[PDB]
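Just the one chain here, the form deposited in one PDB entry, laid out as structure tokens.
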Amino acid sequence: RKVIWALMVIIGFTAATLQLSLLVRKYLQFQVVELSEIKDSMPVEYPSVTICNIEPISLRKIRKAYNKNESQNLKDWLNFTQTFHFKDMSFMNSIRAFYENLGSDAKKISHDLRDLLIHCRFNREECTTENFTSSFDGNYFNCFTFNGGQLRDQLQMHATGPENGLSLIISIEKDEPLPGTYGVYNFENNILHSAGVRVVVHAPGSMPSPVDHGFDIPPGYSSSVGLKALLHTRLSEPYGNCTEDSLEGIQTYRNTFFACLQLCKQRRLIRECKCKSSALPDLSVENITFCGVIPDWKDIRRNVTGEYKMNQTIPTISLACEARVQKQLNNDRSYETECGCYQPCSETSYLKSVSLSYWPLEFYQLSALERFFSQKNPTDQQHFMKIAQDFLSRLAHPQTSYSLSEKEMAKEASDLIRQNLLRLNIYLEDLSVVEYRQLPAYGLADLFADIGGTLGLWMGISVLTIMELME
């Protein structure tokens, strides 16, 4: 009768041990699952807000330079870029090439936060330009970061709504050009030649991507960006490969996958060709310069010896190589696994809802302009705010109904103000952070809970089989 006993015991043992092997195999493939939960009690970290002027250059500083005699380089540069033939003519008829081939003048022409940010107010407390760290970005020359993680440790929202949040009255400084001057529309550029502010609401301590990640905002409108905070926490080894590292770039940035991809693209570009792209994050590696830098362009323009014929092609080898490598990188994602890099173990993103409204009312424009002057403008009678304030002040102090002229003055003041000024509120709609946490699909505690009951008896029965077998 023991034959049936042995056969059924063997069959049961094989079944149980195959089941246990299947379980330990399921654990061996370290699967993960993303669990989303709304945490309404965890403190919300206010993001980092990078504001850029969509128009990089300022026509006011340009006009000032022509009225003086320090614009010669620019006057040379234009005279150079528009006399010789260049490949990618659209690139060096643009402003990025102007930045690359002469950087100091580009800085001297770019916008300043003083002139740009006219009023700032965070968490019901006044903030100044001292809360914004400046940085540079080609085609978005000057970009200023509030809550950049450098001046102060970090900023937190304990309150929702646009009242408890960043509020920026910004003048885009859209100034009328020189009397006989018009800019060149770079048609290979999908983002520039627009009036407004490019805002990047990104994770605190992470480098901004004004081109890729920014959203633009128009003048003459109060635009409110309500944010919902998403916290994506990942698993390190062995379940995943995220690390709590920090990107290098120019300055230590909190790690984000896209920013690291941009940095490794810049490094690959630096390796393949001996130049660097102003589209990608800066790296400041000696002696690497910008791609599309004609080193002797001043000498070429200065036709000291007549080997440079009119409308002659200029090589620009580095620019072509950069274009080739950028095309290969943009049309193929295989590089993403070479420079590797990893997702941040903890990442913070934001769902932004942008809603705009007509701002400011013609009723409040005079009271606005009064304070904007009283705080920021002691000079420059030839300014929009001043011409607008003259109209509004003669309306409010004539010394019934608005006359046609009175109406014309009010309308001209409103057009000036709303062509130049915009309010931008950035706030948390709710303090409930939506957390996507990566969890082990088959935890080790789960393995123990699913094997121990079998294993405790079946190791003993294996010992029984041993004793019955060879003794």
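What we label the rigid core is the largest C-alpha set whose atoms superpose within 1.5 Å from one form to the other. Don't overthink the numbering: it's just position in the shown sequence, from 1.
This protein has a second form, the form deposited in another entry, left out of what is shown; the following refers to that one.
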query	finding
Single mover in 88, 216, 362, 112, with Cα shift of 2 Å or more between the shown form and the other one when the core is superposed	88
Is_shifted residue 275 between the shown form and the other one (CA, 2 Å cut-off, rigid core)	yes
Exceeds or equals 2 Å, Cα of residue 253 between the shown form and the other one, core fit	no
Yes/no, residue 161 Cα shift of 2 Å or more between the shown form and the other one with rigid core fixed	no
